[PDB]
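Summary of the model geometry
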Amino acid sequence: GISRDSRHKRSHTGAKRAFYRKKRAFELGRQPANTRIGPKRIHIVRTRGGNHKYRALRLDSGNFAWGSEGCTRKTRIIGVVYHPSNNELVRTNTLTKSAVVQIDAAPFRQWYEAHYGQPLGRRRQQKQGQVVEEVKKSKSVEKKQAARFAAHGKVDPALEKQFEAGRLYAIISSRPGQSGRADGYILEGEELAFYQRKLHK
Amino acid sequence: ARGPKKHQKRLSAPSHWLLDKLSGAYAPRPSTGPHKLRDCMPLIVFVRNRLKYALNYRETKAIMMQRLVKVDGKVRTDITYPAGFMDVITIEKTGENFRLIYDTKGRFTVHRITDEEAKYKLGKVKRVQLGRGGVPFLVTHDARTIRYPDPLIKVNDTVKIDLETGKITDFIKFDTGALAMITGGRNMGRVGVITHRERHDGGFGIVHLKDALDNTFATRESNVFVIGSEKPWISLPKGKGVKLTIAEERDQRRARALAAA
Amino acid sequence: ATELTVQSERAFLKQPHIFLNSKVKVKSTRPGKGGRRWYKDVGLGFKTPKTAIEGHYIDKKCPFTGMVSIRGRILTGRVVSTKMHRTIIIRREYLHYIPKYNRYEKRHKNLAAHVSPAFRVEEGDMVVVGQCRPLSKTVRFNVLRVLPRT
RNA sequence: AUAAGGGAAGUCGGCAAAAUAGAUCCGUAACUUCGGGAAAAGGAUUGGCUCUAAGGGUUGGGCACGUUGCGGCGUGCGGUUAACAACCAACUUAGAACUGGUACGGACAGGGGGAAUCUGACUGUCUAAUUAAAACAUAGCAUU
RNA sequence: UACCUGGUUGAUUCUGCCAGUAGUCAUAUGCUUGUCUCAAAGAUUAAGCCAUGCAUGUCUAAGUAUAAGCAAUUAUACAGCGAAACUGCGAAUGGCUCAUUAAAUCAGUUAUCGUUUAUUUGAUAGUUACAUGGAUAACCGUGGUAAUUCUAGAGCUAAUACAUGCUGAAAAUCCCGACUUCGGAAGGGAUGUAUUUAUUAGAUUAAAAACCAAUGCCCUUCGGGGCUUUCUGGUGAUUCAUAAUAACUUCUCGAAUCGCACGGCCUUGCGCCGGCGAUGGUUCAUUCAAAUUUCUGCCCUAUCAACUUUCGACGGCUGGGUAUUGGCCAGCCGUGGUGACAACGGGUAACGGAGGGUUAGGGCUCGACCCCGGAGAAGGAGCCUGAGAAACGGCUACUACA
RNA sequence: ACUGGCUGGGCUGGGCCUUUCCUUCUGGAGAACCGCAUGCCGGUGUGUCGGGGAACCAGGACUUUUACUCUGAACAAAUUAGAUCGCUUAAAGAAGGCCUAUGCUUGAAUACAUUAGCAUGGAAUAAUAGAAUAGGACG
Ligand SMILES: [Mg+2]
Ligand SMILES: [Mg+2]
Ligand SMILES: [Mg+2]
Ligand SMILES: [Mg+2]
Ligand SMILES: [Mg+2]
Ligand SMILES: [Mg+2]
Ligand SMILES: [Mg+2]
Ligand SMILES: [Mg+2]
Ligand SMILES: [Mg+2]
Ligand SMILES: [Mg+2]
Ligand SMILES: [Mg+2]
Ligand SMILES: [Mg+2]
Ligand SMILES: [Mg+2]
Ligand SMILES: [Mg+2]
Ligand SMILES: [Mg+2]
Ligand SMILES: [Mg+2]
Ligand SMILES: [Mg+2]
Ligand SMILES: [Mg+2]
Ligand SMILES: [Mg+2]
Ligand SMILES: [Mg+2]
Ligand SMILES: [Mg+2]
Ligand SMILES: [Mg+2]
Ligand SMILES: [Mg+2]
Ligand SMILES: [Mg+2]
Ligand SMILES: [Mg+2]
Ligand SMILES: [Mg+2]
Ligand SMILES: [Mg+2]
Ligand SMILES: [Mg+2]
Ligand SMILES: [Mg+2]
Ligand SMILES: [Mg+2]
Ligand SMILES: [Mg+2]
Ligand SMILES: [Mg+2]
Ligand SMILES: [Mg+2]
Ligand SMILES: [Mg+2]
Ligand SMILES: [Mg+2]
Ligand SMILES: [Mg+2]
Ligand SMILES: [Mg+2]
Ligand SMILES: [Mg+2]
Ligand SMILES: [Mg+2]
Ligand SMILES: [Mg+2]
Ligand SMILES: [Mg+2]
Ligand SMILES: [Mg+2]
Ligand SMILES: [Mg+2]
Ligand SMILES: [Mg+2]
Ligand SMILES: [Mg+2]
Ligand SMILES: [Mg+2]
Ligand SMILES: [Mg+2]
């Protein structure tokens, strides 16, 4: 089948090499698996030495970790928006490592409300459709929460705007074809400015 | 070549086994175990070729099936079991104990030891580090791993092994003034005192030794095996590894022969 | 070396596992711990150049601030080509001995090595290189020191 | 204008008809006056639709005084935006996916080719109304 | 044993080749042939074609026994020896051959901080239970086809085959907090290991202060004198070893297995406890290794002087794939790499080396062949099982034979 | 063959002074030369005595760079050279030997390769580098 040896190549002087031996059991290759966004579907493959790998054909959710805060929550992926290597990867909504995606921001906002007693990204006050208040069953919690809010600090405006829409930018940092999982982190800071300028221009 | 080998050709076996080039085409092919294949002492070679207790291959395994012979206090039942340096071989029915140690010519020799000395060993340490759960451990030259060692013990040292409970009881640092025995190279079997050591960054440091007769020699660090500071802990064989020249051997040979007869 | 910009590519260039967006600010002397530039020492009496520690370039093949370890032979030669990007060609000369005629003859070989942006290399200079893992089809050595010009 | 199977067996003779044909990318011999032969010979691709990338123009640039109905000049200087920002404008080229009764220079337009012999070097000219040729002319060469 | 003689001329001294002389683990052939010790042998021309037979199987006290099996007669669950069949392991080692191959194989010397590893050896894993559920072979019985180590449908029964499954402990660490006197707290959840991602620690190795913010405290005459301080391994070199936190997974492992001995406690219940082996099992170490990899070294030829990038040729970057590195492959961007110190191409009656033959010294020539490395099973390609094969005494297809 | 001697003459090597001699810091253990008192017949154990560190070991920094030669390390068995032992001799083989033993004892050495790579001593011969627009050395 597919081979990844260097015998068929051409030497650095330009000379053409001669036939040496038939293809070997090692040095083989395998058909690439193009992950897509959809209902979960994974195949098992028996690799060298009796181990196993996990082919991911369709995925829709995975772990994503918030850097500054330090929380990791499972959420779903909406779509692929940028890819530094090839544009056709973006159009197909096929996801690999170092692919910029958009994820649901619901689980991360909820944790912020419980940890800090302040609201994050709420411009629905004009509509006030879903305004609701729950009685706080203590008063030391404000002492605990106000200490956290005054100490750690506040979110920068760039990340706050995304929370209003409910969509967040992330980068896949796993290899779905190998491990069968799509994992990443929320990108922020100067790295956010690089992609936002490149994304719409 | 499509897998691992399982045959050993005679004329390709290690030289220090002293095997005749005739009478067969193959060699014992020592099985995998604690000692390297190049420098090991298969049990069949020891029992049949040196002690001459067993006449041939067929009767060599007859002895082993009766669990008569054991090494390091545990019975072994395969004829091609790789024994090596410092190993203790005990045969209770005949009533003697053996220790495998090099002579001055770089080969294994028979060496009687007393029963009181046949209940401990010593081996060079290979690595020290932290294992699973943070428990420190070390591994010796014969693939013995022991947890919770003395923090003062470092690599290249030697440790005395109980051989009944497998616990370290005292150790020797690796430094100048120690008494050492060589295990590899052309100076194999010599005994000397470490004079000084020179190290080269990038590997392959060398150490300079000195014999009892003021002779001098050098070897790589991987072939030096500390066996004591003074008055070596183990009992050395006859000749004590002094490496007489060819001139003295024939002088001593005739002097001993004519004196006796 | 001369590099116009550090971020001039499709992706974002950064050292792996060096976290850069922390709410609390802590000042530490350690290179990689606090969030500032990371670098190491190769050893074998090789000193880290000043340009490496205080520079802003990003390179994953440089022996300094990189993911390559140097082990094996150390060789010397003279550079003959500097017309690629972060790669040079050195020339090594020796003498082969012909036993029958009891005298020698000249021979030479050509070698390819990776040069880091820390150094500035021109044609006709002597360099010292060290072995590393395969970085390309024909690159297995890395530049370590540039000898002074006459 | 079209024809099953055969494909010049017709005839003084392939006379008449058929076949080839646009553009883009590959490939190309003997011979030679080294300019040619050459479009040699011989192969592949071509619609519709939804997208991606490249090739341009114009106007804006910091202080310190003086004139003047937020500024145009007088200047005194400094700096080279690790080239940014707004607005404006036609066409030409390359690449990818999906789609069909595998069709797409869809009509029109549009070279058959190869191996040799005889003869005039070539472009050019003539028997208006039966002969356009190997005939005439030509540069070059020689004589009076 | 550092050696020479015949032949051009009427005769002479030379250059010069032809011929003679000796060896060969170097093959053939002619004539002849009594004994002892040793024993090469279808390599050369055809890696041309092959009738018949053989060359790979395997059971211990210890995985499964209702043989209309044998043998005894202590075993009313089984119990001695034990065909058949299921299950486990091996069949990838040996043995044969030299077609291809000219920096390729190979030799000596390095590297793996760039990977996989059955087996052997040494350590090591507290989260209905007095025992869970359906199938199948041998066997009985009924058949098909000229034909093969072809197989059908019907009826019984096993597992170390296949598939499920049980906090027996506390402490500590980290979140939520029922409830106030505002200074800590009822009780509630998670917390082994493997898998995947993000974050934190992993110290230095000469010393004396003086300030801002404010708290475990000791002594104490209440004016306070004040404040000594606990760990941290390794390499020439790392983001190493190892540990902690937030989460994740068609998701693992942590024993429903087997044989010998016949023992000890008292609340005497067909109760509790207890020894040595076999076979398995997660991670680290070791062993037999395997795959890649650094430096230098090969015969003749210029009537072979420029070569490499159509459709990767040299390098940069982001990924894909692989046990892992890598232009090994996919996209985007630069214009390089080798050569008179002989590249590139053609010849080889060419597998490489240890080494054989012949000798003053220096050399010339041969090496298919018992040892080591590589490749192949008529010619090409593809793949299953497995720790390990691109296997041919394994399978699928085309070509050529039969 | 043993032993001593020659103001024995030679050969190989190590120390000092001649303008030259030999880098440097930290630590280890500790001598020689010194005096202190305590004891025998002008020398000596004296002791957690001190002025004191010859040499040695471990660690850090500095030193123009190659070729060449010396000594080491690492590297295969068989083969070549070669030591030992009367297979009845020999080509071979790795065996055997001793009184008599219900036992004892030994051998299976050593050299060579040789190009490349890794260390060490030497500093002749052949190349190479340094202060001249001082961009030089030292405190
Ligand atoms: Mg090393
Ligand atoms: Mg017709
Ligand atoms: Mg027709
Ligand atoms: Mg036709
Ligand atoms: Mg006709
Ligand atoms: Mg006609
Ligand atoms: Mg016509
Ligand atoms: Mg027509
Ligand atoms: Mg032309
Ligand atoms: Mg043309
Ligand atoms: Mg054409
Ligand atoms: Mg033509
Ligand atoms: Mg098209
Ligand atoms: Mg056409
Ligand atoms: Mg047409
Ligand atoms: Mg004409
Ligand atoms: Mg007319
Ligand atoms: Mg006409
Ligand atoms: Mg001669
Ligand atoms: Mg003549
Ligand atoms: Mg004559
Ligand atoms: Mg002759
Ligand atoms: Mg006779
Ligand atoms: Mg043949
Ligand atoms: Mg039985
Ligand atoms: Mg087995
Ligand atoms: Mg098998
Ligand atoms: Mg084989
Ligand atoms: Mg044969
Ligand atoms: Mg085990
Ligand atoms: Mg099972
Ligand atoms: Mg780590
Ligand atoms: Mg890469
Ligand atoms: Mg050039
Ligand atoms: Mg040859
Ligand atoms: Mg051949
Ligand atoms: Mg050969
Ligand atoms: Mg042949
Ligand atoms: Mg032969
Ligand atoms: Mg054949
Ligand atoms: Mg297996
Ligand atoms: Mg094969
Ligand atoms: Mg095959
Ligand atoms: Mg066969
Ligand atoms: Mg076979
Ligand atoms: Mg002999
Ligand atoms: Mg030297």
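cryo-EM is the method the PDB entry states for this structure, with the resolution given as 2.9 Å.

What follows is about the overall build of chain C. If you tally the helices and strands in chain C, you get 1 helix and 5 strands. Taken from N to C terminus, the helices and strands of chain C fall in the order α-β-β-β-β-β. For 150 residues, the compact-globule estimate of 2.2 N^0.38 gives 15 Å, and chain C exceeds it by more than 25% at 19 Å. Based on the C-alpha atoms only, the size of chain C along its principal axes is roughly 75 × 35 × 30 Å. Across the 150 residues of chain C, 30% fall into the buried class. Counting only contacts in chain C whose residues sit at least 6 apart along the sequence, the fraction spanning at least 24 positions is 49%. Entry remark: accessible area of chain C is about 10,700 Å², with carbon and sulfur atoms responsible for 53%. Side-chain charges in chain C split into 32 positive and 10 negative, and the spacing between the mean points of these groups amounts to 8 Å.

As a further point, take the overall build of chain A. Check the secondary structure of chain A and you find 6 helices and 8 strands. When the helices and strands of chain A are listed from N to C terminus, the series reads β-β-β-β-β-α-β-α-α-α-β-α-β-α. By principal-axis analysis of the C-alpha atoms, chain A measures approximately 80 × 40 × 30 Å. Classification of the 201 residues of chain A by burial places 30% in the buried group. The contacts of chain A with a sequence gap of at least 6 include a subset with a gap of at least 24, amounting to 54%. Surface summary for chain A: the accessible area is close to 13,800 Å², and the carbon and sulfur share equals 49%. Between the mean site of the 43 positive side-chain charges and the mean site of the 17 negative ones, chain A shows a separation of 13 Å.

Moving on, we come to the protein's contact with RNA strand F. Near RNA strand F lie 28 residues; those nearest to it are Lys21, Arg107, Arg186 and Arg199 of chain B together with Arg73 of chain C. Looking at RNA strand F alone, sugar and phosphate atoms form 84% of those within 4 Å of the protein. One of the side-chain nitrogen or oxygen atoms of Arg107 of chain B is found 2.7 Å away from a phosphate oxygen of RNA strand F. Put simply, the parts of the chain that give the surface near RNA strand F at least two residues each are strand 16 (191–198), strand 18 (216–220) and helix 3 (246–260) of chain B.

A common way to express how large an interface is: the accessible area buried when the components associate. Contacts between chain A and chain C engage 20 residues on the former and 11 residues on the latter. Taking both partners together, chain A and chain C bury about 1,200 Å²; carbon and sulfur atoms supply 55% of that area. Sorting the residues of chain A by area buried against chain C places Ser68, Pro84 and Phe194 of chain A first, and these three jointly supply 35% of that buried surface. Remark: the boundary between chain A and chain C carries 1 salt bridge. One salt bridge in this structure joins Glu69 of chain A and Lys23 of chain C, with 2.4 Å as the shortest N-O distance. Applying the counting criterion to the chain A and chain C interface returns 5 residue pairs in polar contact.

Thresholds, definitions, all that
- Residues numbered from 1 in each chain as written, not as in the entry; some residues may be left out.
- Chains lettered and ligands numbered in written order.
- Part of a larger assembly, values for the part shown.
- Heavy atoms only, no water.
- Helix = DSSP H or I, 4+ residues; strand = E, 2+ residues; numbered from the N terminus.
- Rg over C-alpha atoms; globule rule 2.2 N^0.38 Å.
- Buried < 20%, exposed > 50% of the residue type's maximum accessible area, 1.4 Å probe, protein only.
- Contact = heavy atoms within 4.5 Å.
- Areas by Shrake-Rupley, 256 points an atom, 1.4 Å probe, with all protein chains shown as cover.
- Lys, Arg positive; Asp, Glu negative; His and termini not counted.
- Charge placed at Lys NZ, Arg CZ, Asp CG, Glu CD.
- Near = heavy atom within 4 Å.
- Polar contact = N/O pair within 3.5 Å; in protein donor to acceptor, adjacent residues only side chain to side chain.
- Buried area = accessible area lost by both parts, 1.4 Å probe.
- Salt bridge = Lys/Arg side-chain N within 4 Å of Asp/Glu carboxyl O.

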